[PDB]
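This report refers to the structure that appears directly beneath it.
Written out as structure tokens, the structure reads:
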């Protein structure tokens, strides 16, 4: 898992700005976190635009 | 912005797209990370949320599945954003006496013996004369005997009744 | 350069749908092609979404087309006026 | 364990077949406000074939839906006939037959793959059917329990299909051992 | 009196996007067909 704290913060920031990831959680729990953050980002950015 | 059935069918389609991507990617024995059922569910979810991928199908069948899921995602997400915008844009935009005189389905009346009835009766404007003809002919008698009677009649007519009265009483009522 | 004809088509489709890449041209010329396809995709998809947002927010055929049928009262000033007329229409 | 996979696959297949059949049969698809029978308005079951009155002057009376009153005509045709839900039931049945023949006349190892393809296809047919139904109705309301039985049929069928494919994969791994 | 006095006259729905669903399921089917064809072909080749 290349997901230390610094890498975790980068993954989240990037997901919010709708940009690339360069790493994606591979475990079940990490994937759950990623999915909800993705949905949150979609709704919030669509609403901004 | 999207109907309930659209969300339901988006979920059913997600399960189907994932299962078919797993089947086409792993069923053949002449193909022995790659798309197992778990990885395939992840690929599809990520595609719908437009949030990029870590792997992508490499075979013709996998790419057909991926392509249709991508097109579906583009149309649905674009439509979500467009309809949300329409909601907010429109939100940023019968309400007069003439509109009331024109509408004969809605019933309007006044106090039986009062300045309002006399004002309509002795009026010379066309709108008020049309209203007076309507009231003088509108059976049953739209006229009431008390202001509170008209208040209750409006509050108890499913919005099929309107009451004409002085503004002070309305200001008191809306404030109470 | 892993861009064969099949992989080129996949890259282009994925770029139009604004989706994942998984391979990106590395050469100067490949990057020119990719850049213009990216710009084209941005303008065309932005305009699809914008025009859907508009769509979702906002005859004389009689003689100018015989498919529609027209007629008049049998005994009337209308039939006589047409019968006594001399104008083209 | 490998022995339990066949039980899970078979019991799932039976459940999916039963759910889809019940849904195609029962009448609780859409709680609408319609006419119980003509020659004013009340809540109605409106299943796939017959719309039946409830909460009415004569609650309980059921009649056949008048599907008809060019793309619209073709949709009406595909909806009046329930080719898609019916096809889903047929496919699930054949999938069950394959699972059953997995043991008798064993060692073929392709009959399991056939079971999986059949289950997945039944799922796709079920979804197309649902979309045709919902699109046909429109042009308040609520969806009954048969509609959700159909949906559960789709989910179980897809899961049974995944198990089938997994079993086929394992059989070839053993054969290649 | 006899003319004017007698005057007497949003959420996308599956119907609006059904086509994209039809295309999706059509594609899923085509994909399954292509895969099965490849499997049958490569199976015969495995005979020899």
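Chains as they are written, first to last, in the entry's author numbering: chain D, 569 to 617; chain E, 520 to 551, 569 to 629, 633 to 715; chain V, 569 to 626, 636 to 666; chain S, 5 to 43, 55 to 84, 93 to 162, 173 to 210; chain Z, 765 to 773, 785 to 823. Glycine included, every Cβ here is placed at the ideal spot set by N, Cα and C.
Minimum Cβ-Cβ distance from residue i to chain E less than 7 Å
{"i": "residue 790 of chain Z", "result": "no"}
{"i": "residue 581 of chain D", "result": "no"}
{"i": "residue 823 of chain Z", "result": "no"}
{"i": "residue 625 of chain V", "result": "yes"}
{"i": "residue 606 of chain V", "result": "no"}
{"i": "residue 614 of chain D", "result": "yes"}
{"i": "residue 806 of chain Z", "result": "yes"}
{"i": "residue 577 of chain D", "result": "no"}
{"i": "residue 205 of chain S", "result": "yes"}
{"i": "residue 595 of chain D", "result": "no"}
{"i": "residue 603 of chain D", "result": "yes"}
{"i": "residue 643 of chain V", "result": "no"}
Closer than 7 Å to chain Z by CB, residue i
{"i": "residue 549 of chain E", "result": "yes"}
{"i": "residue 158 of chain S", "result": "yes"}
{"i": "residue 202 of chain S", "result": "no"}
{"i": "residue 690 of chain E", "result": "no"}
{"i": "residue 147 of chain S", "result": "yes"}
Status (buried if at least 16 other CB within 10 Å, exposed otherwise) for residue i
{"i": "residue 551 of chain E", "result": "exposed"}
{"i": "residue 176 of chain S", "result": "buried"}
{"i": "residue 571 of chain E", "result": "buried"}
{"i": "residue 624 of chain E", "result": "exposed"}
{"i": "residue 574 of chain V", "result": "exposed"}
{"i": "residue 629 of chain E", "result": "exposed"}
{"i": "residue 585 of chain D", "result": "exposed"}
{"i": "residue 107 of chain S", "result": "buried"}
{"i": "residue 767 of chain Z", "result": "exposed"}
{"i": "residue 94 of chain S", "result": "exposed"}
{"i": "residue 659 of chain V", "result": "exposed"}
{"i": "residue 614 of chain E", "result": "buried"}
Distance CB(residue i)-CB(residue j) smaller than 7 Å
{"i": "residue 158 of chain S", "j": "residue 790 of chain Z", "result": "yes"}
{"i": "residue 538 of chain E", "j": "residue 191 of chain S", "result": "yes"}
{"i": "residue 609 of chain D", "j": "residue 583 of chain D", "result": "yes"}
{"i": "residue 799 of chain Z", "j": "residue 522 of chain E", "result": "no"}
{"i": "residue 795 of chain Z", "j": "residue 611 of chain E", "result": "yes"}
{"i": "residue 134 of chain S", "j": "residue 121 of chain S", "result": "yes"}
{"i": "residue 646 of chain E", "j": "residue 666 of chain E", "result": "no"}
{"i": "residue 148 of chain S", "j": "residue 111 of chain S", "result": "yes"}
{"i": "residue 196 of chain S", "j": "residue 13 of chain S", "result": "yes"}
{"i": "residue 101 of chain S", "j": "residue 142 of chain S", "result": "no"}
{"i": "residue 802 of chain Z", "j": "residue 604 of chain E", "result": "yes"}
{"i": "residue 597 of chain E", "j": "residue 820 of chain Z", "result": "no"}
{"i": "residue 669 of chain E", "j": "residue 640 of chain E", "result": "yes"}
{"i": "residue 599 of chain E", "j": "residue 606 of chain V", "result": "no"}
{"i": "residue 185 of chain S", "j": "residue 23 of chain S", "result": "yes"}
{"i": "residue 651 of chain E", "j": "residue 675 of chain E", "result": "no"}
{"i": "residue 41 of chain S", "j": "residue 78 of chain S", "result": "yes"}
{"i": "residue 119 of chain S", "j": "residue 21 of chain S", "result": "yes"}
{"i": "residue 189 of chain S", "j": "residue 29 of chain S", "result": "no"}
{"i": "residue 592 of chain E", "j": "residue 588 of chain V", "result": "yes"}
{"i": "residue 198 of chain S", "j": "residue 540 of chain E", "result": "no"}
{"i": "residue 703 of chain E", "j": "residue 655 of chain E", "result": "yes"}
{"i": "residue 71 of chain S", "j": "residue 57 of chain S", "result": "yes"}
{"i": "residue 27 of chain S", "j": "residue 183 of chain S", "result": "yes"}
{"i": "residue 793 of chain Z", "j": "residue 154 of chain S", "result": "yes"}
Chain D within 7 Å of residue i, Cβ atoms only
{"i": "residue 588 of chain E", "result": "yes"}
{"i": "residue 609 of chain E", "result": "no"}
{"i": "residue 670 of chain E", "result": "no"}
{"i": "residue 527 of chain E", "result": "no"}
Residues that DSSP places opposite residue i in a beta bridge
{"i": "residue 787 of chain Z", "result": "E:521"}
{"i": "residue 656 of chain V", "result": "According to DSSP, which records beta bridges pairwise, residue 656 of chain V is partnered with nothing at all."}
{"i": "residue 36 of chain S", "result": "S:59"}
{"i": "residue 683 of chain E", "result": "E:650"}
{"i": "residue 79 of chain S", "result": "S:65"}
{"i": "residue 701 of chain E", "result": "E:647"}
{"i": "residue 176 of chain S", "result": "S:34"}
Cutoff 7 Å: residue i Cβ touching any chain S Cβ
{"i": "residue 534 of chain E", "result": "yes"}
{"i": "residue 531 of chain E", "result": "yes"}
{"i": "residue 786 of chain Z", "result": "no"}
{"i": "residue 591 of chain E", "result": "no"}
Chain V within 7 Å of residue i, Cβ atoms only
{"i": "residue 522 of chain E", "result": "no"}
{"i": "residue 569 of chain E", "result": "no"}
{"i": "residue 628 of chain E", "result": "no"}
{"i": "residue 599 of chain E", "result": "yes"}
Worksheet item: Quick one: complete alpha helix (DSSP H) runs, 4+ long, within the region 570-598 of chain E?
Response: Counting whole runs of 4 or more residues, the region 570-598 of chain E contains the alpha helix (DSSP H) stretches 573-584.
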